[PDB]
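Take a look at the letters that make up each chain.
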Amino acid sequence: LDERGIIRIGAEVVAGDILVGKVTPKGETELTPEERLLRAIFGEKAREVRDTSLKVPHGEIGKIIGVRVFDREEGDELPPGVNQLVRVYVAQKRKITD
Amino acid sequence: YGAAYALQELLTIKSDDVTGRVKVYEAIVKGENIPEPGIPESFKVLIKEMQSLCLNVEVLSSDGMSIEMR
Amino acid sequence: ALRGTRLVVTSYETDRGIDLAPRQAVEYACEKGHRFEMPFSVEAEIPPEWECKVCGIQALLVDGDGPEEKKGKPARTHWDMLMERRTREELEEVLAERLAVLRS
Amino acid sequence: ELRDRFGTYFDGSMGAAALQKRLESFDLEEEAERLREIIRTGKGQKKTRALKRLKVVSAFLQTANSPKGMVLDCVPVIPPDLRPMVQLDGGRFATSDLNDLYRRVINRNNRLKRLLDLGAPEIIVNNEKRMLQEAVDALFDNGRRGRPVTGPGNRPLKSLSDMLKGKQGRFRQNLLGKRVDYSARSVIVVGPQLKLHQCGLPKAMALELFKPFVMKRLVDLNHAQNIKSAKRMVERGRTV
Amino acid sequence: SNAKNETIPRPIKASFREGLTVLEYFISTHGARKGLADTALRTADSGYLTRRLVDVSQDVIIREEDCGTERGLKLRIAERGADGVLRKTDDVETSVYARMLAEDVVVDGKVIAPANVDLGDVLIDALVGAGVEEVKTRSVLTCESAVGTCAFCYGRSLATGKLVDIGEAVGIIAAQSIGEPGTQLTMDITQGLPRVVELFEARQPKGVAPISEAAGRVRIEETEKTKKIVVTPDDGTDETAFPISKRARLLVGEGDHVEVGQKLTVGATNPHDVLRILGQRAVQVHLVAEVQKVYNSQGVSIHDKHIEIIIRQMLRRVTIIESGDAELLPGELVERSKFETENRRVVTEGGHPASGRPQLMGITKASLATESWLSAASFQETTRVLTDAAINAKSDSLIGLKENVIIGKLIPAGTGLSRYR
Amino acid sequence: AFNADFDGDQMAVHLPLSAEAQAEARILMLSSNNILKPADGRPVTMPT
Amino acid sequence: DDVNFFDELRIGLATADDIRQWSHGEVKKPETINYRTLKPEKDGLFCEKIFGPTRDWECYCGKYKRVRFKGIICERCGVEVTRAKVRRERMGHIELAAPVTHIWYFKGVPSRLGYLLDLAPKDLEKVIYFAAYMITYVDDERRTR
Amino acid sequence: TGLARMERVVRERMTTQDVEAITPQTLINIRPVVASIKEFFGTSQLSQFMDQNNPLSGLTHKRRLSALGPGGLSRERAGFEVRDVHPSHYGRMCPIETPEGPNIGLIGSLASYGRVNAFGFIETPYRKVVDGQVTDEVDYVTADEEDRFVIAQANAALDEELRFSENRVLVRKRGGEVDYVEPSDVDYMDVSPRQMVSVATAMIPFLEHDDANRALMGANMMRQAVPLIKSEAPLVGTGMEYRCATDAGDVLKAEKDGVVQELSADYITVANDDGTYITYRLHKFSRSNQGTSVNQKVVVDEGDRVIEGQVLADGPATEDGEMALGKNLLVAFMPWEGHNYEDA
Amino acid sequence: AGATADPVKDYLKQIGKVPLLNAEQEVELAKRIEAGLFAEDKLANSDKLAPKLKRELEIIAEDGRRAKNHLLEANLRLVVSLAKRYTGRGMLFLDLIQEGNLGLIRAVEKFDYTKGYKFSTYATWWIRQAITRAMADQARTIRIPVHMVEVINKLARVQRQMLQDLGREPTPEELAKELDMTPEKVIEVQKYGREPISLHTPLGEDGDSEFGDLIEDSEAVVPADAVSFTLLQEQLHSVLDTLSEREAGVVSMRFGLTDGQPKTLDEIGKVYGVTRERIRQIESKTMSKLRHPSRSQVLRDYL
DNA sequence: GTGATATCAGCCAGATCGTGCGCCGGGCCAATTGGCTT
DNA sequence: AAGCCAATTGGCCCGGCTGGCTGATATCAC
Ligand SMILES: [Mg+2]
Ligand SMILES: [Zn+2]
Ligand SMILES: [Zn+2]
């Protein structure tokens, strides 16, 4: 991932990899006793924002060809209520197989 | 073929038995006997719709007593 | 793929637990002889009045007092506006003229 | 004119209330006996009509059902989770087309109550009652009588009946045949080295089909310490 | 053929090796496309037919080892040839093979075929050598079992080569076997799959050929835009008049003598007339032969028992004509079991036994007039079935396969029987 | 038996779980116990 | 619970008593969800007092929020504390101001109402849809006298 | 349809509002027109997401005659008589290329020489023959005029003095029936053979030796081939590869004659003859609708001279200007240990 | 008689039987209404007049009621005209007509003839008000209050006018400046007015599915997660067993493992009969004990 | 633990005037009329 | 001239626009 959290051009991805890093806030929630006890053990304070990053689906591979990013604050004509958009292109060469 | 148990599991604990899917997963993971199937959710949805149509659908036990499906 | 969620939440709490906080049953009755009991937490303020969702009528406690509540604002009718706009003598003379024409 | 001249000696009514009154004061056994006598003595098309009528007259005569059940005073309401209001990503809400019909019923019923307790000419009350009955009819069966109601895009709404009938109803699509777990699909090639009782699965499909079993097995052999590490190990696709 | 179905009197005198000219290729595209479209539609037609067949006979399962019945069907083997020497009948593999003998066969005081045997080619060859032409075999049509059918009447299970077990679902097997070759049957009178659909639905054929009712003399009447055949029986009863159209091709001349069920015109007999005039056995034979003709035309082999299951399912009810005092309204179809038991109860402490007539009905009507409202609702016409059951307050006992499948419990067949569990 | 060609056809795989389902799939539905055809009794699992 | 005990499936003609015995409460308003907080509106089609809580072991106002408070009707809002899955099992009902016919027993040929009352379908349709009157009673003896 | 609502609104507001303060700008509301245009171009059964497997697929998606859609008919209501190959389709609609699913007969392809009339009918060209002499006058004829005349066959042996030889020529008559006739009644002749076959069906060598079903399958299956990284034109093809590839619009063609000035895998700048310079850009590893790759090669060199219409860059599945959907492989016909058993 | 499948036509043909009215007729009808109402009130008063006076009083009351009914039946046509003016956008024609009828009833209730003005305009005001209120309160599945509906309508009108005059889609800043509100408010108002889609909308050409058949249930119990949580609970109970009885007990009663009820330090000390700070000391010791590089690895994975 | 003030939501009213929504096949039932029957 | 026994045809259904006034809520503060 590069400075703004978008995969680098030329990187090779495999199933489960992260293409774009995204964080979504979730607000106040109550954890189960076991989870709270485990957090107390390891002392990992909750961040209150979960991850919704974009990952390659199962059974997909290939290099990264292009990354196109649109910002609603850069004059792009994004639809209402869409701050930012990003598109990532993955290409792979297939040989003939049974 | 005459295979009743395979059909019953293909219809209950693989599609609709909401409380049975987790139980069967736990049974497989812990290495023990698969539990008996329950009653599928689609039947309950059908009964609810039929009752919503002002039809008095009810299931009876050996004696003429309703079960009420929870 | 399409992702959508109903505005619902789920919890891992076992619900088998080890003990439940004590509750008290308060009894109510209907005007047609239908009766029921409602469970409330002991640390609670009992409401003197309830709605029997079994029969859809107002219900009071077995031994509670019977309160009286008046209308916050009575539903305005035609007659109220007629006093508001027309004077008493105007209505009196209108009625007199109407009675005269009816008699004639 | 007849009412103001001969108001007494008879009671008249209009709408479903008249049918309810007639069904309440109905002598079923007398009608059944009359139909039986006509069948025995009379002949012709009258005999066939009486035979057809006795089938529906006799049912209520003996069984626990009563005719008054054909007219409704209160209408049941299906649980909300069977008519969900789901929130799609982006704020768009998706409904189930039964909320609209229920809302029509409730709105028209409330307006009817307002008109009745307010005092209105018979024309308005009768029109409101007709609209309420049509709303209930559309709720139960849509398009059976008159023209079906439509939403955006001018396509008929789905009613309670439509969910049980047809090739896409509850009975045929969700009950007699369903989707199942632990299932895979793929294109077949030919292997002539196999025996008559053998098949060849690709290892991706086999691994995804047998995931719990392999997790338990590799936990057993100490290839992992717990089911969490076993699941991560299977997902990452190691060698062992 | 042309775009319309009619031969073009100019052939394609060139094979695919020598190459076709432009016009010949264009002419061939006609038949090519027509065949492709017929192939496209046959799939849906056969699927619908098989669904109906499965629905009518889902609950026909084996539930006994032997009913002890002494009855059966007289099946013919070893049709006599033109040389005076018995020759085995052509269709013995699908008529008498995999079937049992109702009664022992004795010729010249020798038992050459004991009762209740598989009746393979060895026994048939021995019987033909001994010089017999008829055998009284056991069929489901004549099973006296109280519950369902029994293994000995069904006979051998063709899928395994041994006696059918006591939990087999023979009805579904019969439905599937009859319905599978539907796509192979390439679609005045119906010829292909529509002919089978017509036969199993007990419909009136297209080219209806009236069949005489009483033996006697026949006379023909001539009039414009009409023809009539009047039959005077030898018994002297009233005349019988059959009207027909001008185009109809006659088969019996004026003053000729006719049999009880002899045809009086070229066409297709309708099952109802043959039933009413010659009993249940005649209609059974007619239906089996007519159904097997369509399949044999395309070289499809299906055993007779599979069709016999459907046929017996189609003849399960009797229509009441005489009121009697059995509480059965006239004109109300009733299962023969209910009618028989009601008559038995009435004859005791009663005077009038109700009388009825056999009724032949199609697979759709038979499968919709069932005793379980759940299966009927799940078949088709859901709204009508439900609004009828609600008024009748019908109670479903869950004794079939579809009901148990719907509610999610062990089907009462195969390994789900309490005998094995 | 499957009426399956090798010009792009696809097939589905299901996994029995319980002991009863496995016993049925192993004793009743096995591939090498189904030589004959239920319709008429002629073999279908035959060199073609 | 156990399908092995299902003995029969009986269908009947539901009456008002059955309809309002199934219901856990009467829905008397047409609102579904608040446009801002997205929470069910009271007495609406999605109310929680009638159809159950929307969150496991939690009431509408939030006074009770734990599994310990199980099976307690929060006096503040009336919602009980239990699993949200009960929203798939609880029915409500609407009390009509005037009676209504069931379309199934009116239109489905043969019209069962017509056969039972011996009324032609056109006459019955006229009566129910407020197009003509209907004499439901008459004093034969008194009028003759 | 949009303008109908627009003018209804215009007249209503003109009547309702005042006068002497009204101008055309404040009477015309163009919302309905744009709304109708948007509705048509989106969620309409005739505005289809394009097919971009290869140049042939794109070219065949155009030239497609669909008999179903808004105002047409339905898939399940069409009978067995509207899907037939009526004898009036000769030269106007292909009888081979149609879908094999439940759409058989309801979608077709325009023939190679077909043309659309002013009223929407389809015309086809015929060479006029007078007094048994095949002239060089081409007349475009519709179905009715074709029924009026008697049409000869494309491959009719001639004496080479523009005159028929055998005196017994197979010709089509009023009802589409074929018959032998003398060389005096004939009045029209086909312009060429393969006048009745579509563009995709004209690229199957030895088509006259193939059953109609197999030719139909081959035509429907040539539209699914994917473009490979290295293209190679067929060794034994038809004469219709270059024309199809160039007319499909996926081959870069010079606009004006000139000499290539500078060249690179991304661009070609040519100095036209009239003094102006023009630079052409090439797609490299783009993406088509179907997920394949669009990539254009260069077939010219720096010193070459190019005339207008010359091909300067290949396409996704072309090789030097002509369609190339596959590769030439050395094939042997024999069974081999059962690995090629039953169509493998 | 002759009920049709189009109730609108039947209602329209039924409301035309009664004729219209004139200004003098309306004035005298209002006079009759007022006289009847006043006479009915006077009768309702306790004092009792002569029987004949009460009889004529009832007669005039009946006449006034009939006059009111006639007036409403006459103005039904005006109600229908306003309704058809407001037709569309959410409500059916008959619903609008009924709301207009209620508004007309209110207008007749709140009407005075002293002004001498034609009764039509007052009823028009009231009918329009009632129809607008009802439409704002019943035209959406997710109800929006009247003021927010007004804001949404004004924003839509301004946006349409800007699009027409300018010829280009207005950017949010332009609308914010013209409407005199922040861009965030404009965005929120835009997001409020959207109408929901249906789960039964077909999406495939064949029609084998609906739009609601691919909506993933994002609030169900994933069996893998449930079994993982159960294994975590078992492992936690096993690990807490290795500790001493006192330490495990204090941890359990501090995090409420057994009952789910967290407890304060003082209560724990009370049950243990020790100081609050001492109890706090024990919790820290156990917390560090579990977070050690000798017992952590049995619990690291589950975190 | 309160406490002031802004929005948040629901309800009510105005007067000139204004008066009519915007494909096929198969099975069955019911209305009509020819032709008897009295 | 009234009533009934049939045929005939038509139809239906089912299978593939400001404004004012008041109490409750919240949101920042003490
Ligand atoms: Mg294949
Ligand atoms: Zn038997
Ligand atoms: Zn609460």
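S.K.: It is not clear to me how the coordination of the zinc ion (ligand 3) should be interpreted in this structure. Could you clarify?
M.R.: Each donor-metal-donor angle in an ideal tetrahedron of four donors is 109.5 degrees, and each such angle in an ideal octahedron of six donors is either 90 or 180 degrees. Residues and elements named next belong to chain G. Distances from the zinc ion (ligand 3) to its protein donors, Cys59 (SG), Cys61 (SG), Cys74 (SG) and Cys77 (SG), fall at 2.3 Å. Here the zinc ion (ligand 3) binds four donor atoms, and the angle range of 107 to 115° at the metal identifies the geometry as tetrahedral. Spacing between the donor residues of the zinc ion (ligand 3) along the chain follows C-x1-C-x12-C-x2-C. The class for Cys61 is partly exposed, based on a relative accessible area of 39%.

S.K.: Even after reading the chapter, I still don't get the packing of aromatic side chains, so can you show me in this structure?
M.R.: By convention here, two paired aromatic rings are described through the distance between centres and the angle between planes. The tally for this structure, following the rule as stated, stands at 16 aromatic pairs over all chains. Between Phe40 of chain C and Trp50 of chain C the ring centres are 5.8 Å apart and the planes differ by 65°, which places this aromatic pair in the edge-to-face class. Of this pair, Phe40 of chain C sits in strand β3 (residues 35-41) while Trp50 of chain C sits in strand β4 (residues 49-52), placing them 10 residues apart in sequence. We note that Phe40 of chain C, like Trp50 of chain C, is buried. Between the aromatic rings of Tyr35 of chain G and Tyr192 of chain I, the centroid separation amounts to 5.4 Å while the plane-to-plane angle is 85°, which identifies the pairing as edge-to-face. Note that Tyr35 of chain G is positioned in the loop between α1 (16-22) and α2 (48-51) and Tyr192 of chain I in helix α8 (residues 183-192), a pairing that runs across two chains. The class of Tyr192 of chain I is buried, set by a relative accessible area of 18%. Put simply, the rings of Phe111, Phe119, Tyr122 and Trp126 of chain I pair up and form one aromatic cluster.

S.K.: Can you walk me through the UniProt feature "DNA-binding region" (unreviewed entry) in chain I in this structure?
M.R.: Per the UniProt annotation, the sites labelled "DNA-binding region" (unreviewed entry) are residues 265-284 of chain I. Across residues 265-284 of chain I one finds 85% helix and 0% strand; the C-alpha atoms that close the span lie 12 Å apart.

S.K.: Help me out: how do you make sense of the nonpolar core in this one?
M.R.: In globular proteins that are soluble, nonpolar side chains generally tend to be buried together. In this structure, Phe43 of chain B, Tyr102, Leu139 and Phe140 of chain D together with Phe6 of chain G are the most contacted members of the largest nonpolar core, which totals 118 residues. The dominant element in this core, judged by the number of residues it contributes, is helix α4 (residues 45-62) of chain D, at seven residues. The residues touching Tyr102 of chain D, leaving out its near neighbours within four places in the chain, are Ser52 of chain B, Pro76, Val77, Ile78, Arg83, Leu139 and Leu160 of chain D together with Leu45 and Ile94 of chain G.

S.K.: Quick question: what am I supposed to make of the protein's contact with DNA strand K here?
M.R.: The immediate surroundings of DNA strand K are formed by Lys43 and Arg172 of chain D, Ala44, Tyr48, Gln380 and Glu381 of chain E, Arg77 of chain H together with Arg133 and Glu150 of chain I. Close to the protein, within 4 Å, the atoms of DNA strand K belong to sugar or phosphate groups at a rate of 60%. Between DNA strand K and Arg172 of chain D there is a distance of 3.1 Å, counted from a phosphate oxygen to a side-chain nitrogen or oxygen. Interatomic distance of 3.1 Å between a side-chain N/O atom of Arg77 of chain H and a base nitrogen of DNA strand K. Its residues placed into classes, the surface near DNA strand K shows two nonpolar, one polar and six charged.

S.K.: I'm lost on the pattern of salt bridges in this one. Help?
M.R.: Side chains carrying opposite charge are able to pair once their charged atoms draw close together. Counted according to the given criterion, the structure contains 85 salt bridges over all chains. The partner of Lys165 of chain D in a salt bridge is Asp162 of chain D, and the shortest N-O contact between them spans 3.8 Å. Overall, the relative accessible area of 30% leaves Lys165 of chain D in the partly exposed class. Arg384 of chain E serves as the salt-bridge partner of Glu381 of chain E, at 2.5 Å between the closest nitrogen and oxygen. Each member of the salt-bridge network shares a partner with another, and the members are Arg108, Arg111 and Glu128 of chain D together with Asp95 and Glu99 of chain I.

Rules used in this analysis
- Residues numbered from 1 in each chain as written, not as in the entry; some residues may be left out.
- Chains lettered and ligands numbered in written order.
- Part of a larger assembly, values for the part shown.
- Heavy atoms only, no water.
- Donors = N, O, S within 2.8 Å, 3.2 Å for Na, K, Ca; no water.
- Tetrahedral: all angles 85-135°; square planar, octahedral: opposite > 155°, others 65-115°.
- Buried < 20%, exposed > 50% of the residue type's maximum accessible area, 1.4 Å probe, protein only.
- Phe/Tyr/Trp six-rings, centres within 6.5 Å; stacked < 30°, edge-to-face > 60°.
- Helix = DSSP H or I, 4+ residues; strand = E, 2+ residues; numbered from the N terminus.
- UniProt positions renumbered as here; feature names shortened; annotations may be inferred.
- Core = buried A, V, L, I, M, F, W, Y, C linked by side-chain atoms within 4.5 Å.
- Contact = heavy atoms within 4.5 Å.
- Near = heavy atom within 4 Å.
- Polar contact = N/O pair within 3.5 Å; in protein donor to acceptor, adjacent residues only side chain to side chain.
- Nonpolar A, V, L, I, M, F, W, Y, C, P; charged D, E, K, R; others polar.
- Salt bridge = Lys/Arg side-chain N within 4 Å of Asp/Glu carboxyl O.

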